Amino acid sequence: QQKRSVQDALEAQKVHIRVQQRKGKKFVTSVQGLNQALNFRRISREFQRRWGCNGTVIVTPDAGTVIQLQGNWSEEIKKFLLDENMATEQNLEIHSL
Amino acid sequence: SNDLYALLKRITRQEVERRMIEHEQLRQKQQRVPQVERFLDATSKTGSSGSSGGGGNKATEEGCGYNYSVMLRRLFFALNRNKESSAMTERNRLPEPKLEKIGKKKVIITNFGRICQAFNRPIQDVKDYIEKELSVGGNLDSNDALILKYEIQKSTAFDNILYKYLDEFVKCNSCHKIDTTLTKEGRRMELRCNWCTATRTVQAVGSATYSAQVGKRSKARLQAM
Amino acid sequence: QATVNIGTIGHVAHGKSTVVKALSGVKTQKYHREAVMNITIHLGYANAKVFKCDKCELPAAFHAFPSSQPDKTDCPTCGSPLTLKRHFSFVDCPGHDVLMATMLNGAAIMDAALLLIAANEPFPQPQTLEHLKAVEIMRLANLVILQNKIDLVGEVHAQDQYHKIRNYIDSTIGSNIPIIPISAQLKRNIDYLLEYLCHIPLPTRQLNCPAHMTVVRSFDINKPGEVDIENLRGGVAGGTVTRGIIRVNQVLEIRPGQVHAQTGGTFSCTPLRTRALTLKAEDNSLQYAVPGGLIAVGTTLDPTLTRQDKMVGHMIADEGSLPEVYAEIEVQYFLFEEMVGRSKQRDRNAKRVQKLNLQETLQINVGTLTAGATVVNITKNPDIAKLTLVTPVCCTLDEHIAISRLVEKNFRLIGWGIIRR
Amino acid sequence: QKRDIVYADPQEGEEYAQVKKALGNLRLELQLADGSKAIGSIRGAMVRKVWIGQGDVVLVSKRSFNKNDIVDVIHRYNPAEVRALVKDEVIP
Amino acid sequence: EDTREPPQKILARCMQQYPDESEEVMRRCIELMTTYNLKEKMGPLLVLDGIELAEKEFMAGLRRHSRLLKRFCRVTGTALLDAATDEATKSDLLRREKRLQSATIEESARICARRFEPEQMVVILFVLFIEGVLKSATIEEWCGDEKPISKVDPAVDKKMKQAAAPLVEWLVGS
Amino acid sequence: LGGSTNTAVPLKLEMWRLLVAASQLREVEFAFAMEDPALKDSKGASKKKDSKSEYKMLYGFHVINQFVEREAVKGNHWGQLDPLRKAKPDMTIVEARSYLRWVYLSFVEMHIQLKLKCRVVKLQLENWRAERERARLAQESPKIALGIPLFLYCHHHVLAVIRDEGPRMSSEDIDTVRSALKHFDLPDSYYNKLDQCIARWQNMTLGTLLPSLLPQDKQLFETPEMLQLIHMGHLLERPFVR
Amino acid sequence: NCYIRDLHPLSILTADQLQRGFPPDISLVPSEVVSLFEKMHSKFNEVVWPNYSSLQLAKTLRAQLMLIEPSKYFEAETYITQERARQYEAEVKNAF
Ligand SMILES: Nc1nc2c(ncn2[C@@H]2O[C@H](COP(=O)(O)OP(=O)(O)NP(=O)(O)O)[C@@H](O)[C@H]2O)c(=O)[nH]1
Ligand SMILES: [Mg+2]
Ligand SMILES: [Zn+2]
């Protein structure tokens, strides 16, 4: 009840996005902070098909179920998680630009 | 003016007629009623001492508090006759960072030292935040011109980075204004305002979650031999 | 000790604990509070004594700190000795969305509150309004409306604001409550404020009826004590008294007591008999507790739980005095028309409340309780629901209930009820 | 040589505006410093003699015969002059 | 319904007695009905209604309970203007003035049906418009009068005609 | 504050004013102005018919529902000053429909610019108040220089009405008269007469309009500025014939 | 610095004012005519005046002067002076 509600609506769940550059004008992008329950294969395979990209479903020690993409995308990696209960609009880090 | 009676057809017709002459009687009658009604409310005449002084609370509500606050707010001499004209919305002036493209890889930022001074934060700490976001190396040292391995087409668009730093760390969310000064309170607790002294805490970056991989290899393994 | 309990309401980012900080000089923490930043989360308490400054009404300038003003035994503002009038406690009831239910928990304790609005936002937010309707369940008469920030923006926008607010009030709740400027991280215009609090009268209470206490705090064990007698420096039932005189070395019953699991489908709960070790209020120690004020009644027996407050909505009385424990409460409910706490565009554009129906998650905020309920019956008589509570509630009055429902990962007042029982 | 800076004439088309993102087939997406959203183009004397990047500020023209067709980039302001312009009194 | 008939009576009686003592303040009442909705709500339906205030005293007691009937009968009431949006808040208000003024003419002929004379309906309606209780259209106060009641049905087709010609005849300025 | 948006609007207002015989309507041709009043008249009719007491912008393709009031309410004519003044008298004949439309659109113009002007008045106002307060300190609060624009604008604004319907009185008329009352206190009977005049001009929709809600004094510097000693005695820009 | 100084009536000699009265230039307001009018009004009444509560030369002139001023008083519905201004001007200069 209320307890869980709070413990969830005000704690944990913090959603990282980042952008970097491979070279010249080539770029890369990641996402982290998404819950284990969700199938990563289904989100990654969406992003891809909606624009020439390239995903992954990488699992890294103590940071795992972290997925990256090819190209600079920051805007749409925020936009798509806003309407979709994936980011309480409060946990949205951008490290781009 | 206006009578009240047990009206009947004939008497109804009187009222009808009286109105038809001029509509002033009814109009101005109910202009006069709210005048003395509202006087009686605000200055109070209500029964029982606690509600009488309740409408006396109301009486001293009427600008009286705000009046004493006029002379007060003028007497501080820091809400009045200053650089608030523009410093209000933060319209403050910040040195416009200025760049160089050396080697078509690196970007040297000459104005680094001057900039860091202006919002009154030290050297190494400011540098950290910048370099973390962009996820590059480079250092400072030198003649206090920064170096970065990040490559961009030469622009004024470095500003976005600075904006993030300034709206997290230095800029209070009370007034919008930087005169601010960092403190050490408890563990991971810092920051103070001093132009109205509404204290605010903030926390400092220590990233280390995910960075990906980029991007040559062979060399990496070779060095990590 | 404190004689009169003064709460604080207002949406977050308009000040709450800020006004309290001005007067008391103390702040509240729990560690977690820092990590989320400017969320208060649980409840405030502090104490500041009233002593009349005798040439003060509204003098031009003095020190920002309130020690020249009341909470001192000597006056430098009139330059003469002070004389007692009153003493107050403070309580801070949250203004954040999620924290509705814990505002409710602390809403039946108080004997008045300060509404806080600020000039830096729009007219009436949603959360403000929702606070007000919450009050009207427990039916406080005294209320005071304030503008926290008036010196951070101009002396133009101030006036307008005041006119609008002024219109709106005494068209909702009479008494024509005053609307007042203050500052309280610049800590000015207390003198003004204080003068209005002085005039708020003594309430009446009963001091010779069987004991009744409402608990909202627990845990004070250690760290340190560490060496010697070893641990700890047993616990408390830290809360307010409404009836009777809680003296030292009396025998107390906790009437929800220790909760025991279901044995198949029917649960049972057994009272806990406990003794008063000491009465502690403020930094002083009492020998008897008078109704009103937060008294830390020292409890005894066993360990486990009651870590920060697992005494949520618990009632303490004397031995042989039992407020009747009910697992099922027959609630006669009345709903509001507007789902307050909704944020869309403007408060006045709100969505309308949906009817109460079978099989839905409720809540039920019986006073200081936060018991989970499911509607099993809408039928017994029209507009009566026989609601089964998992966590038992003790009746001492007919009980005035606020009903909260989940709207979207958070409950938002929907109506009020009274128990027929 | 000559001036590197010109000012808009409010008549005969010509109004300041800023690039947003870039689009294929020589066209780009363009937005007005008073009005609503727009789509621009470019002239053939700037087809790869001049590169107009995103968030660069420029000077349009507008069609004489029919408004609300499409508009076109007839000049570019070097970054040196943008800061100066924006300062003085002129554009947001 | 609720098996709790009584407070609906005490509603009425507290709107007799609060006027009796002091006619000066009538403010509280605004929070009185908020607690006590158990019947079918509405403002002037339950504030014109009383005990002996609304029966025997009705005629003169109308103009001796004035202020609170200008707080409920005339408008629901707000001061709002915006140089931003304020188009849809137009009809939001207007619908609630529409419903209000109209069905207070139901309440008029439901008090004049325990105080039966066709004429004494006419009386009251003018003593509304004379004060600040109403000041809006006499269209409302004629067309509405014929016949809004079915809560008391059987005054219908006589009281109809007598609702009055002088209403219409002052309306058009004739 | 600010105050950039405020300048950005007159650009727009200059455009829309000139778009209107850029192209939207031409509909039918004038054809010489049959008369000026006829506009007002059949606006009166069309607005009465389907009323929210607003009409204008909403459901923007009411251009149809002339057809209603044409084929029904078909005559011999209702509001028949038109046919009389014409010869041939057209009634349901197509020309008449065109006329009606041309009224409706040419009025939507007037209204939709009026809105913007009201906003302008508000933004003129607020910065002049904030100015004044700062100089209250002096307690003689000057100056007459910066608020002559406010006043002169409210003149311009107001006298856009001979042609116009009553706009929404709530925001609009109030926001005008209180920049001439609440924030410019002045002698009364200038006030009283002026508000009578505004009712006259307005009417063809509504007379009254008593704008009596919240006059307030923190402002009283005037008389040594008087009422026509800020006209004769301080104007440089000062209306001209056209 | 400055220095840019204004000017006004000027020289017009009492015989040039007599004969030519008023020869152009004329006016430019703000404040210009209004000042002059203030002067005339006060100076006329201010003489006390020691004869001339008769002969009817007085009451003629005084009345005529009083009739000038209602232009200054009652002209403007809003903040407008229509061109009705310079009729006020032509008045005061013909008077003087
Ligand atoms: N300038 C100024 N700052 C103020 C004023 N009132 C409060 N503040 C600032 O606002 C901040 C918030 O204080 P706080 O009381 O925690 O806000 P809150 O509304 O109580 N938090 P919560 O909503 O969770 O209860 C404080 O840092 C204080 O400095 C005021 O009147 N003026
Ligand atoms: Mg707080
Ligand atoms: Zn500050």
# chains A, B, ... in the order shown; residues from 1 in each chain; ligands from 1
>>> residues_near_ligand(ligand="ligand 3", cutoff="9 Å", atoms="only C-alpha atoms and all ligand atoms", output="PDB file with N, CA, C and O atoms, in the first residue's frame")
ATOM      1  N   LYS B 171      23.614  28.014  -8.718  1.00  0.00           N
ATOM      2  CA  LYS B 171      22.332  28.711  -8.674  1.00  0.00           C
ATOM      3  C   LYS B 171      21.236  28.226  -7.720  1.00  0.00           C
ATOM      4  O   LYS B 171      20.646  27.165  -7.922  1.00  0.00           O
ATOM      5  N   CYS B 172      20.958  29.029  -6.693  1.00  0.00           N
ATOM      6  CA  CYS B 172      19.887  28.750  -5.766  1.00  0.00           C
ATOM      7  C   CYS B 172      18.546  28.695  -6.462  1.00  0.00           C
ATOM      8  O   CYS B 172      18.359  29.283  -7.524  1.00  0.00           O
ATOM      9  N   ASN B 173      17.612  27.896  -5.902  1.00  0.00           N
ATOM     10  CA  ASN B 173      16.266  27.758  -6.414  1.00  0.00           C
ATOM     11  C   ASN B 173      15.293  28.601  -5.633  1.00  0.00           C
ATOM     12  O   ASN B 173      14.087  28.512  -5.852  1.00  0.00           O
ATOM     13  N   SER B 174      15.804  29.519  -4.774  1.00  0.00           N
ATOM     14  CA  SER B 174      15.003  30.429  -3.989  1.00  0.00           C
ATOM     15  C   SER B 174      14.803  31.635  -4.875  1.00  0.00           C
ATOM     16  O   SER B 174      13.855  31.675  -5.658  1.00  0.00           O
ATOM     17  N   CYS B 175      15.721  32.627  -4.803  1.00  0.00           N
ATOM     18  CA  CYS B 175      15.915  33.620  -5.834  1.00  0.00           C
ATOM     19  C   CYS B 175      16.734  32.975  -6.921  1.00  0.00           C
ATOM     20  O   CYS B 175      17.211  31.856  -6.764  1.00  0.00           O
ATOM     21  N   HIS B 176      16.895  33.663  -8.070  1.00  0.00           N
ATOM     22  CA  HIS B 176      17.697  33.168  -9.159  1.00  0.00           C
ATOM     23  C   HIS B 176      18.793  34.169  -9.277  1.00  0.00           C
ATOM     24  O   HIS B 176      18.561  35.309  -9.679  1.00  0.00           O
ATOM     25  N   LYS B 177      20.030  33.742  -8.950  1.00  0.00           N
ATOM     26  CA  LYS B 177      21.059  34.656  -8.537  1.00  0.00           C
ATOM     27  C   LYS B 177      22.209  33.795  -8.116  1.00  0.00           C
ATOM     28  O   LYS B 177      22.024  32.778  -7.451  1.00  0.00           O
ATOM     29  N   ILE B 178      23.435  34.185  -8.539  1.00  0.00           N
ATOM     30  CA  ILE B 178      24.661  33.575  -8.096  1.00  0.00           C
ATOM     31  C   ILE B 178      25.369  34.682  -7.375  1.00  0.00           C
ATOM     32  O   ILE B 178      25.691  35.713  -7.966  1.00  0.00           O
ATOM     33  N   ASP B 179      25.507  34.531  -6.039  1.00  0.00           N
ATOM     34  CA  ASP B 179      26.586  35.124  -5.284  1.00  0.00           C
ATOM     35  C   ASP B 179      27.210  34.037  -4.454  1.00  0.00           C
ATOM     36  O   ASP B 179      28.067  34.308  -3.612  1.00  0.00           O
ATOM     37  N   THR B 180      26.869  32.760  -4.756  1.00  0.00           N
ATOM     38  CA  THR B 180      26.741  31.713  -3.770  1.00  0.00           C
ATOM     39  C   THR B 180      28.094  31.157  -3.409  1.00  0.00           C
ATOM     40  O   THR B 180      29.071  31.353  -4.132  1.00  0.00           O
ATOM     41  N   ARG B 192      25.435  26.969   0.245  1.00  0.00           N
ATOM     42  CA  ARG B 192      24.727  27.969   0.998  1.00  0.00           C
ATOM     43  C   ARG B 192      24.453  29.111   0.038  1.00  0.00           C
ATOM     44  O   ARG B 192      25.200  29.310  -0.919  1.00  0.00           O
ATOM     45  N   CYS B 193      23.307  29.825   0.221  1.00  0.00           N
ATOM     46  CA  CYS B 193      23.014  31.105  -0.403  1.00  0.00           C
ATOM     47  C   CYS B 193      23.264  32.180   0.624  1.00  0.00           C
ATOM     48  O   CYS B 193      23.330  31.894   1.817  1.00  0.00           O
ATOM     49  N   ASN B 194      23.408  33.454   0.191  1.00  0.00           N
ATOM     50  CA  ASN B 194      23.828  34.510   1.079  1.00  0.00           C
ATOM     51  C   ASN B 194      23.268  35.836   0.635  1.00  0.00           C
ATOM     52  O   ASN B 194      23.530  36.848   1.283  1.00  0.00           O
ATOM     53  N   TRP B 195      22.406  35.855  -0.413  1.00  0.00           N
ATOM     54  CA  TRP B 195      21.823  37.082  -0.918  1.00  0.00           C
ATOM     55  C   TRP B 195      20.378  37.119  -0.484  1.00  0.00           C
ATOM     56  O   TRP B 195      19.656  38.078  -0.753  1.00  0.00           O
ATOM     57  N   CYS B 196      19.920  36.045   0.193  1.00  0.00           N
ATOM     58  CA  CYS B 196      18.717  36.076   0.980  1.00  0.00           C
ATOM     59  C   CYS B 196      18.883  35.075   2.088  1.00  0.00           C
ATOM     60  O   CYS B 196      18.077  35.048   3.016  1.00  0.00           O
ATOM     61  N   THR B 197      19.968  34.259   2.035  1.00  0.00           N
ATOM     62  CA  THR B 197      20.307  33.223   2.985  1.00  0.00           C
ATOM     63  C   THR B 197      19.172  32.243   3.139  1.00  0.00           C
ATOM     64  O   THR B 197      18.627  32.060   4.228  1.00  0.00           O
ATOM     65  N   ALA B 198      18.717  31.682   1.997  1.00  0.00           N
ATOM     66  CA  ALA B 198      17.928  30.486   2.001  1.00  0.00           C
ATOM     67  C   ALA B 198      18.841  29.368   1.621  1.00  0.00           C
ATOM     68  O   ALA B 198      19.179  29.194   0.451  1.00  0.00           O
ATOM     69  N   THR B 199      19.219  28.548   2.633  1.00  0.00           N
ATOM     70  CA  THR B 199      20.184  27.481   2.500  1.00  0.00           C
ATOM     71  C   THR B 199      19.611  26.390   1.635  1.00  0.00           C
ATOM     72  O   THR B 199      18.403  26.157   1.628  1.00  0.00           O
TER      73      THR B 199
ATOM     74  N   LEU C 152      10.890  38.402  -1.897  1.00  0.00           N
ATOM     75  CA  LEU C 152      11.723  37.747  -2.871  1.00  0.00           C
ATOM     76  C   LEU C 152      11.251  38.210  -4.223  1.00  0.00           C
ATOM     77  O   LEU C 152      12.010  38.218  -5.189  1.00  0.00           O
TER      78      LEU C 152
END
>>> closest_atom_pairs(of="chain F", to="chain D", cutoff="9 Å", atoms="only C-alpha atoms", output="tab-separated table")
residue	atom	partner	partner_atom	distance
F:4	CA	D:92	CA	7.4
F:5	CA	D:34	CA	7.8
F:8	CA	D:34	CA	5.5
F:9	CA	D:34	CA	7.6
F:11	CA	D:34	CA	8.0
F:12	CA	D:35	CA	7.7
>>> residues_near_ligand(ligand="ligand 1", cutoff="6 Å", atoms="only C-alpha atoms and all ligand atoms", output="list in words")
residues 174, 196, 198, 199 and 200 of chain B; 11, 12, 13, 14, 15, 16, 17, 18, 38, 39, 40, 94, 95, 96, 148, 149, 152, 183, 184 and 185 of chain C
>>> closest_residue(among="C:391, C:287, C:365, C:159", to="chain B", atoms="only C-alpha atoms")
C:159
>>> interface_residues(of="chain A", to="chain C", cutoff="8 Å", atoms="only C-alpha atoms", output="MDAnalysis selection string")
chainID A and resid 1:2 5:6 9:11
>>> interface_residues(of="chain C", to="chain B", cutoff="10 Å", atoms="only C-alpha atoms", output="tab-separated table (two decimals) with N, CA, C and O atoms, in the first residue's frame")
chain	number	residue	atom	x	y	z
C	13	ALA	N	7.49	23.72	-1.71
C	13	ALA	CA	8.04	24.84	-2.46
C	13	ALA	C	7.32	26.13	-2.14
C	13	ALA	O	7.43	27.10	-2.89
C	18	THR	N	10.07	25.67	7.20
C	18	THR	CA	10.85	26.86	7.03
C	18	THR	C	10.40	27.84	8.08
C	18	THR	O	11.21	28.32	8.86
C	34	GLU	N	17.70	14.04	3.06
C	34	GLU	CA	18.76	14.71	2.34
C	34	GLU	C	18.89	14.17	0.94
C	34	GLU	O	18.91	14.95	-0.02
C	35	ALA	N	19.01	12.83	0.81
C	35	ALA	CA	19.18	12.12	-0.44
C	35	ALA	C	18.17	12.40	-1.54
C	35	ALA	O	18.50	12.25	-2.72
C	36	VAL	N	16.92	12.82	-1.19
C	36	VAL	CA	15.89	13.11	-2.17
C	36	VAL	C	15.82	14.60	-2.40
C	36	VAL	O	15.47	15.03	-3.50
C	37	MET	N	16.24	15.39	-1.39
C	37	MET	CA	16.34	16.83	-1.40
C	37	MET	C	15.01	17.55	-1.35
C	37	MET	O	14.23	17.50	-2.30
C	38	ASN	N	14.80	18.29	-0.24
C	38	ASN	CA	13.67	19.15	0.08
C	38	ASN	C	12.32	18.49	-0.07
C	38	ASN	O	11.40	19.03	-0.68
C	58	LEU	N	4.65	46.44	16.28
C	58	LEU	CA	5.39	46.34	15.04
C	58	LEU	C	6.49	47.38	15.04
C	58	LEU	O	6.40	48.34	14.27
C	59	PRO	N	7.56	47.25	15.83
C	59	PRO	CA	8.72	48.14	15.78
C	59	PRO	C	9.54	47.84	14.54
C	59	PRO	O	9.45	46.72	14.03
C	60	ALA	N	10.32	48.83	14.04
C	60	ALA	CA	10.90	48.83	12.72
C	60	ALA	C	11.90	47.71	12.49
C	60	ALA	O	11.79	47.00	11.49
C	61	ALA	N	12.84	47.50	13.43
C	61	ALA	CA	13.97	46.64	13.18
C	61	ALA	C	14.45	46.07	14.48
C	61	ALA	O	14.43	46.75	15.51
C	120	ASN	N	5.56	33.10	-5.57
C	120	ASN	CA	6.40	32.74	-6.69
C	120	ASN	C	5.67	31.72	-7.54
C	120	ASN	O	6.22	31.25	-8.53
C	149	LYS	N	6.73	34.10	0.98
C	149	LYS	CA	7.63	34.89	0.19
C	149	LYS	C	6.86	36.08	-0.26
C	149	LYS	O	5.79	35.95	-0.86
C	150	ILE	N	7.37	37.28	0.08
C	150	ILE	CA	6.78	38.56	-0.25
C	150	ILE	C	7.90	39.53	-0.47
C	150	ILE	O	7.68	40.62	-1.00
C	151	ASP	N	9.14	39.14	-0.09
C	151	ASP	CA	10.31	39.99	-0.15
C	151	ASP	C	11.29	39.46	-1.16
C	151	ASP	O	12.38	40.00	-1.31
C	152	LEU	N	10.89	38.40	-1.90
C	152	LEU	CA	11.72	37.75	-2.87
C	152	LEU	C	11.25	38.21	-4.22
C	152	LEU	O	12.01	38.22	-5.19
C	153	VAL	N	9.97	38.62	-4.30
C	153	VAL	CA	9.40	39.29	-5.45
C	153	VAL	C	8.91	40.63	-4.96
C	153	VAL	O	9.04	40.96	-3.78
C	154	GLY	N	8.36	41.43	-5.90
C	154	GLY	CA	8.06	42.83	-5.71
C	154	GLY	C	6.93	43.09	-4.76
C	154	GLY	O	6.36	42.19	-4.14
C	155	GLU	N	6.60	44.37	-4.60
C	155	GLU	CA	5.52	44.79	-3.71
C	155	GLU	C	4.39	45.26	-4.60
C	155	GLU	O	3.75	46.28	-4.34
C	158	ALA	N	2.55	40.97	-5.07
C	158	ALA	CA	2.13	40.71	-3.71
C	158	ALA	C	0.68	41.07	-3.52
C	158	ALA	O	-0.15	40.19	-3.29
C	159	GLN	N	0.35	42.37	-3.68
C	159	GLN	CA	-0.98	42.95	-3.59
C	159	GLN	C	-2.01	42.20	-4.41
C	159	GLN	O	-2.95	41.67	-3.84
C	162	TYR	N	-2.89	38.83	-3.04
C	162	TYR	CA	-3.59	39.02	-1.80
C	162	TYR	C	-5.05	39.28	-2.09
C	162	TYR	O	-5.89	38.68	-1.44
C	166	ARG	N	-7.89	36.65	-0.88
C	166	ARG	CA	-8.87	37.32	-0.05
C	166	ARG	C	-10.30	37.09	-0.49
C	166	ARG	O	-11.14	36.74	0.33
C	175	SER	N	-15.44	33.17	9.00
C	175	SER	CA	-14.51	33.71	10.00
C	175	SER	C	-13.58	34.73	9.37
C	175	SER	O	-12.86	35.45	10.07
C	176	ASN	N	-13.60	34.81	8.04
C	176	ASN	CA	-12.77	35.74	7.31
C	176	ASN	C	-11.32	35.75	7.80
C	176	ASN	O	-10.76	36.81	8.08
C	177	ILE	N	-10.73	34.57	7.90
C	177	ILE	CA	-9.35	34.44	8.35
C	177	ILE	C	-8.46	35.46	7.67
C	177	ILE	O	-8.68	35.81	6.51
C	178	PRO	N	-7.46	35.95	8.40
C	178	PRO	CA	-6.54	36.94	7.84
C	178	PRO	C	-5.54	36.30	6.92
C	178	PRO	O	-5.27	35.10	7.06
C	179	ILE	N	-4.99	37.10	5.96
C	179	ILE	CA	-3.95	36.72	5.04
C	179	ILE	C	-2.85	37.71	5.35
C	179	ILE	O	-3.11	38.91	5.43
C	180	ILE	N	-1.60	37.23	5.54
C	180	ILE	CA	-0.60	37.92	6.32
C	180	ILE	C	0.71	37.77	5.56
C	180	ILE	O	0.97	36.67	5.10
C	181	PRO	N	1.58	38.78	5.40
C	181	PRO	CA	2.95	38.60	4.94
C	181	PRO	C	3.85	38.13	6.07
C	181	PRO	O	3.59	38.50	7.21
C	182	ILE	N	4.94	37.38	5.74
C	182	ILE	CA	5.98	36.97	6.66
C	182	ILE	C	7.22	36.72	5.83
C	182	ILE	O	7.19	36.80	4.61
C	183	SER	N	8.38	36.50	6.52
C	183	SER	CA	9.59	35.98	5.93
C	183	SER	C	10.15	35.00	6.93
C	183	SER	O	9.93	35.17	8.13
C	184	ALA	N	10.86	33.94	6.47
C	184	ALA	CA	11.22	32.89	7.40
C	184	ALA	C	12.32	31.99	6.90
C	184	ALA	O	12.45	30.88	7.41
C	185	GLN	N	12.95	32.29	5.73
C	185	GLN	CA	14.39	32.39	5.71
C	185	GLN	C	14.86	33.78	5.41
C	185	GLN	O	15.70	33.99	4.54
C	186	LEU	N	14.38	34.73	6.22
C	186	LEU	CA	15.03	35.99	6.47
C	186	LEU	C	14.53	36.41	7.82
C	186	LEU	O	15.08	37.33	8.43
C	188	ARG	N	11.77	37.57	9.49
C	188	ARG	CA	11.28	38.89	9.79
C	188	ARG	C	9.79	38.78	9.78
C	188	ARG	O	9.24	37.87	9.17
C	189	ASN	N	9.15	39.61	10.64
C	189	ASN	CA	7.74	39.89	10.64
C	189	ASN	C	7.09	38.77	11.42
C	189	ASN	O	5.94	38.43	11.19
C	192	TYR	N	4.28	40.47	14.12
C	192	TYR	CA	3.02	40.41	13.42
C	192	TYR	C	2.28	39.11	13.61
C	192	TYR	O	1.32	39.08	14.37
C	193	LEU	N	2.85	38.00	13.05
C	193	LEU	CA	2.42	36.61	13.12
C	193	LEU	C	2.01	36.23	14.52
C	193	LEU	O	0.85	35.91	14.76
C	195	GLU	N	1.49	37.94	17.31
C	195	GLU	CA	0.35	38.68	17.81
C	195	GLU	C	-1.00	38.04	17.49
C	195	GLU	O	-1.92	38.09	18.31
C	196	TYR	N	-1.13	37.37	16.31
C	196	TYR	CA	-2.34	36.72	15.85
C	196	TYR	C	-2.50	35.38	16.52
C	196	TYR	O	-3.63	34.90	16.62
C	199	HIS	N	-3.84	35.73	20.34
C	199	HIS	CA	-5.29	35.88	20.43
C	199	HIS	C	-6.12	34.62	20.16
C	199	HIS	O	-7.33	34.60	20.42
C	200	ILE	N	-5.50	33.57	19.64
C	200	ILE	CA	-6.19	32.33	19.34
C	200	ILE	C	-6.47	31.69	20.69
C	200	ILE	O	-5.51	31.53	21.44
C	201	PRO	N	-7.68	31.27	21.05
C	201	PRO	CA	-8.08	31.18	22.45
C	201	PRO	C	-7.58	29.87	22.98
C	201	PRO	O	-7.05	29.07	22.21
>>> atom_distance(atom1="atom CA of residue 79 of chain E", atom2="atom CA of residue 168 of chain F")
14.3 Å
>>> interface_residues(of="chain G", to="chain F", cutoff="6 Å", atoms="only C-alpha atoms", output="list in words")
residues 30, 31, 77, 78 and 79 of chain G
>>> write_last_selection(atoms="C-alpha atoms", output="tab-separated table (two decimals), in the first residue's frame")
chain	number	residue	atom	x	y	z
G	30	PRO	CA	3.88	70.89	-25.12
G	31	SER	CA	3.31	73.34	-22.25
G	77	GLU	CA	-13.34	61.94	-24.35
G	78	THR	CA	-10.35	59.62	-23.95
G	79	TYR	CA	-6.81	61.03	-24.19
>>> atom_distance(atom1="atom CA of residue 380 of chain C", atom2="atom CA of residue 2 of chain E")
9.2 Å
>>> residues_around(residues="residue 81 of chain D", least_positions_apart="4", cutoff="8 Å", atoms="only C-alpha atoms", output="PDB file with N, CA, C and O atoms, in the first residue's frame")
ATOM      1  N   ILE D   5      28.359  42.341 -42.785  1.00  0.00           N
ATOM      2  CA  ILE D   5      27.164  42.454 -41.990  1.00  0.00           C
ATOM      3  C   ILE D   5      26.225  43.344 -42.750  1.00  0.00           C
ATOM      4  O   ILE D   5      26.610  44.373 -43.305  1.00  0.00           O
ATOM      5  N   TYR D  77      24.811  34.783 -41.460  1.00  0.00           N
ATOM      6  CA  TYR D  77      25.512  35.654 -40.552  1.00  0.00           C
ATOM      7  C   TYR D  77      26.536  34.788 -39.895  1.00  0.00           C
ATOM      8  O   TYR D  77      26.215  33.757 -39.308  1.00  0.00           O
ATOM      9  N   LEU D  85      24.728  41.478 -33.107  1.00  0.00           N
ATOM     10  CA  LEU D  85      23.310  41.596 -33.399  1.00  0.00           C
ATOM     11  C   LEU D  85      22.422  41.422 -32.185  1.00  0.00           C
ATOM     12  O   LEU D  85      21.726  42.355 -31.784  1.00  0.00           O
TER      13      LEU D  85
END
>>> atom_distance(atom1="atom CA of residue 240 of chain C", atom2="atom CA of residue 174 of chain C")
28.7 Å
>>> residues_around(residues="residue 39 of chain E", least_positions_apart="2", cutoff="10 Å", atoms="only C-alpha atoms", output="VMD selection string")
chain E and resid 1 to 2 5 8 36 to 37 41 to 42 46
>>> interface_residues(of="chain F", to="chain C", cutoff="12 Å", atoms="only C-alpha atoms", output="PyMOL selection string")
chain F and resi 1+126-134+136+213-219
>>> closest_residue(among="B:148, B:33, B:157, B:214", to="chain D", atoms="only C-alpha atoms")
B:157
>>> residues_around(residues="residue 354 of chain C", least_positions_apart="5", cutoff="9 Å", atoms="only C-alpha atoms", output="PyMOL selection string")
chain C and resi 335+337+339+414
>>> write_last_selection(atoms="C-alpha atoms", output="short mmCIF file (atom, residue, chain, number, x, y, z; two decimals), in the first residue's frame")
data_model
loop_
_atom_site.label_atom_id
_atom_site.label_comp_id
_atom_site.auth_asym_id
_atom_site.auth_seq_id
_atom_site.Cartn_x
_atom_site.Cartn_y
_atom_site.Cartn_z
CA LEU C 335 -18.08 11.74 -1.63
CA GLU C 337 -17.46 16.02 -6.67
CA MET C 339 -10.78 14.67 -7.58
CA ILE C 414 -12.31 11.11 -2.66
#
